[PDB]
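Only one chain is included here, represented as structure tokens and corresponding to the form deposited in one PDB entry.
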């Protein structure tokens, strides 16, 4: 069935107005995405912070259009050293972060271009492009090891300031999170191993799935559709993109949106509203 994201809630449970809008988008090739007007959509959305995944773009190749964003003028980019045209993440922000870092512990030697950490006054933001398990699950074991390493890294961040983790976490946590759960249990994104990893992430750090917290029983809400077989027009998709929050931030949570109508990638944007 088709899906209509409900209206933006912009006030928290206790009545405080949203003061921070974060948008996250796997753009599936930043240069292509810009040619397909993705930045026009971004300007309409006017987030305070924009997190981008799968930029497939080294920083020297960034289109000039990215220089003409006065409201997102603090920009941080990461791409892998030996696999350019794959991976790549970006974080663009209205206000300057206090600290910025890359990777999950040894980026200087493992230059992977998958994770950016930005510390702000009230919280730490992490954006991630989690490694896909691969066609035929050929890189599932690597993914499991990476999940463990990530969980440990994040636990030693959340012990300081509250954490917001966003991005493409490359798993549909539960059956409600994709259209075809039965046929996909041996597929990247819905293996028991990946689903369990997501569960351990929520429990160990700990974190809450913002969208599912607000909409625990809402089906057909996805953020990815394969380019093939007209899947998006049929809303045959997967929810792979998330905002995960420290429990101490739940009173700040106003809404967690899925921007289903925004084209330019095989993922759609997701947007978080917080009252800080």
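Rigid core (definition): largest C-alpha set, two forms, superposition within 1.5 Å. Numbering follows the first chain given and starts at 1.
Below, we refer to the form deposited in another entry, which is not included among the displayed structures.
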TODO: Shifts of 2 Å or more in the Cα, rigid core superposed between this form and the one not shown, apply to only one of 200, 121, 106, 141; name it.
DONE: 106
Open item on the list: A 3 angstroms or greater change in CA distance between residue 33 and residue 107 is reported in the other entry. Closer or farther than in this form?
Closed with: farther
- [ ] Kindly indicate if, in the other entry, the C-alpha atoms of residue 108 and residue 100 are closer or farther apart than in the structure shown, bearing in mind the change is 3 Å or more.
- [x] farther
